[PDB]
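First up is the structure itself, then whatever we jot down about it.
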Ligand SMILES: CC(C)(COP(=O)(O)OP(=O)(O)OC[C@H]1O[C@@H](n2cnc3c(N)ncnc32)[C@H](O)[C@@H]1OP(=O)(O)O)[C@@H](O)C(=O)NCCC(=O)NCCS
Ligand SMILES: CC(C)(COP(=O)(O)OP(=O)(O)OC[C@H]1O[C@@H](n2cnc3c(N)ncnc32)[C@H](O)[C@@H]1OP(=O)(O)O)[C@@H](O)C(=O)NCCC(=O)NCCS
């Protein structure tokens, strides 16, 4: 009574800007929409229906208000999907929605379920970072705490210094992300993975205009240039990172439909990819967001591969210096790294990205008819997730 | 690849404190950290195993706000001074969380993702109360579209009661037995093994520390109880049958369960102690809301290929007396085998913790009585129920 988990479908909403094109939706409606999206997608070509899903696991970071009370379950019920399907919500910060695919893969593996949905939601426009704690952030740690665990903006500086990354270095990476995202969109790469989402049109204020617009484009793309990026002011006094070279605050959701390979084939669905190796490792608190070194390491070790074997990497662009520190250590081919742009241009709904990255990856492997992809992400509390997926 | 054979190797819990009770002095992260260290230490007595050997931790926690925000499982671990390379995630399927957590570690072992994991659960209700995780306007945490008749939990316990013709006497009786059975277990010593005494700040008559750091080892919810006493109590809702005497207690506690691939366990010289026969987290009927233990109990029995008769020991969480009774009315088990060591009505119910607690309590009872199969099942907010059938090895 065990199983062989495979990705059967994956899809994502477009990613909206803060107070942008999806900010009209209640966070539970966004996630619901996407949850319904994957099931519907899989229903085109098969018998599969929402009731056939057994468990849903959703990543979400700031689990407060609209994102309190186990948003994965509420989203599901709110989309009018079947009440018998279980659902759990998870937090390993920015790893959450990646970690969620690992967990569904595990339950399938253990024979607990045959059909699962991993997903991730973040509606930063509506629940901002910090919403989940009082204003006195000193209080969310015990008085004993003495770990030099810096904030994330300081972490990107500490990492940069460690590797000798410079303001020009990042501004260049920054620019390429915008360049490559703009290229993907021009060529139509994201068309398949994206599920247009209807959304309340809001006015110049943040009130609804009665209109219900269909959104299908990532809103963070922006004509960008080395000059423009050079003009931008650092986030921290003396730091190298700016809005131009950090991720964007965003609204979005993604979902990935998993099954035991045999059940999939039985419903007449095509097994599309499988996890070769997965990991959620702890990182070094001091540098905090440099974990992608460690997670990339583990899954390569577990997979019995070397970075050379990977065709496509998705390493989340929380901060330029995170991706560059990783590249400096693991020396990959940067033509294979964030080939369709990263979060610096596409934005970074925290709980969602992990499932978004897997989604993006799978599709690119399929577009280019390649095989192995690595996904890896730094995360608050000094943790990093890692996956190597493989096309089937 | 390379997959695995998940088995429980160790399990432990703090005593469960009352609201503003014996553990209310501890920051929620300290409580969880203490127990996280407890299991590993326990396993270290008889083997080489050390905290660094754990690969992933997954902790259940419901009101993930403030002290319980920012992925408590991780912070708790770091705060206990345990190794920083060990990954950790925190989960919410309400009261199911800490049970769902054992499922997920069991899956990751199964999938070959890790060889050593810790499932655990924390809730420090004294310090982060239900609701903390949302603004006062609780209308706002649902979209404006929402029209599901998903009642609050106190109303759910009434709706369920009516469905099954459960009466105030019915519940008051069950309520009383829970206190009787918890009080028996403690008298005989049943919980001694599973419990890990926790050092805690002594607080005054106010809620300020007295400088004293006392060692706590007993569940604080036990209370001389009687049918008269329970009859005296006022209902929580006007016209309801449930009272504080027959609902769960608001509590502080944590529990942790060390898993491994059976082979790795044996290699470290640790004894595989139990394994999951079947697991489930099912959706329930929104209208009745907390009657999901019918469904979850059903699924795992189905999956396990067993009937309720096969189960030696049941742990069905006593959120509300009517929840257990409704279940029993449907599944007709032997109530001598149901919550044999008392339930949350007497022992309290730290929401994010209970799930891991129940598995812990069950495993130990199977061991004490030298029996084999146990069922754990819980109702949970959002109309969900977890369910596990574990088996001694
Ligand atoms: C850094 C951060 C705060 C952004 O700050 P922000 O000022 O609110 O970002 P904005 O988009 O409002 O402003 C950034 C600027 O980039 C500028 N920009 C980018 N490319 C440009 C170009 N080619 N020419 C001119 N300007 C350009 C914009 O003009 C914009 O300023 P404006 O308001 O004058 O238009 C945000 O990206 C962030 O917090 N990221 C990470 C958060 C985090 O901790 N994440 C982890 C989650 S646990
Ligand atoms: C119902 C609930 C609110 C308890 O209410 P409470 O009044 O705060 O409980 P207290 O312990 O303060 O009071 C209950 C009474 O039981 C009484 N009691 C019990 N046995 C008794 C006996 N034999 N003789 C006399 N009194 C007895 C106590 O005297 C006590 O009242 P007191 O303050 O006069 O001593 C709480 O149990 C609860 O909220 N439970 C469920 C919460 C929930 O939703 N959980 C799900 C999490 S998602």
Residue tally, condition surrounded by 18 or more Cβ atoms within 10 Å (Cβ to Cβ) and assigned to a helix (DSSP H, G or I), over the range A:142-157: 4
The range A:323-341 residues that are in contact (Cβ under 8 Å) with a residue 40 or more places away in the chain, paired with ones that are assigned to a loop (DSSP other than H, G, I, E, B) (beta carbon under 7 Å, 6 or more apart): A:323/A:317; A:324/A:165; A:325/A:165; A:325/A:290; A:338/A:317
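Per-residue answers, yes or no, for (1) assigned to a loop (DSSP other than H, G, I, E, B); (2) within 28 Å of residue B:325 (Cβ to Cβ); (3) within 14 Å of chain A (Cβ to nearest Cβ):
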position	(1), (2), (3)
B:192	yes, no, no
B:200	no, no, yes
B:213	no, no, yes
B:240	yes, yes, no
B:265	no, no, no
B:272	yes, no, no
B:276	no, yes, yes
B:289	yes, yes, yes
Counted residues, the range B:166-190 - those being over 23 Å from residue B:32 (Cα atoms) and part of a loop (DSSP other than H, G, I, E, B): 3
Matching residues in the range B:201-223 - criterion: being within 21 Å of the chain's Cα centre (by Cα) and more than 16 Å from ligand 2 (Cβ to nearest atom): B:216, B:217, B:218
Matching residues, the range B:259-294, being out of contact with any helix residue (DSSP H, G or I) (no Cβ under 6 Å at 6 or more places or on another chain) and buried (at least 24 other Cβ atoms within 10 Å of the Cβ): B:260, B:265, B:283, B:292
Exclusive hit being touching a residue at least 40 places away in the same chain (Cβ under 8 Å) and more than 14 Å from ligand 1 (Cβ to nearest atom), set A:212, A:217: A:217
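Conditions tested, residue by residue: (1) under 19 Å from the mean Cα position of the chain (by Cα); (2) under 21 Å from residue A:250 (Cβ atoms).
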| site | (1), (2) |
| --- | --- |
| A:34 | yes, yes |
| A:44 | no, no |
| A:51 | no, no |
| A:58 | yes, yes |
| A:62 | yes, yes |
| A:66 | no, yes |
| A:72 | yes, yes |
Residue count, the range B:224-237 (criterion: closer than 24 Å to residue B:153 by Cα, within 9 Å of ligand 2 (Cβ to nearest atom) and part of a loop (DSSP other than H, G, I, E, B)): 3
Out of A:229, A:324, sole residue that is buried (at least 20 other Cβ atoms within 10 Å of the Cβ), more than 20 Å from the chain's Cα centre (by Cα) and more than 14 Å from chain B (Cβ to nearest Cβ): A:229
Any strands (runs of 3 or more DSSP E) falling wholly within the range B:1-100 and containing at least 2 residues that are facing chain A (nearest Cβ under 8 Å): B:87-92
Within the range A:121-141, considering residues that are buried (at least 18 other Cβ atoms within 10 Å of the Cβ) and assigned to a loop (DSSP other than H, G, I, E, B), the one nearest to the chain's Cα centre (by Cα): A:124
Elements of type strands (runs of 3 or more DSSP E) contained in the range B:300-393, each with 2 or more residues being in contact with a strand residue (DSSP E or B) (Cβ under 7 Å, 6 or more places away or on another chain) and within 16 Å of ligand 2 (Cβ to nearest atom): B:373-380, B:384-392
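Every number here is computed from the coordinates shown, using simple stated rules; none is lab data. Here Cβ is always computed from backbone atoms with ideal geometry, including for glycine, and neighbour counts include all displayed protein chains.
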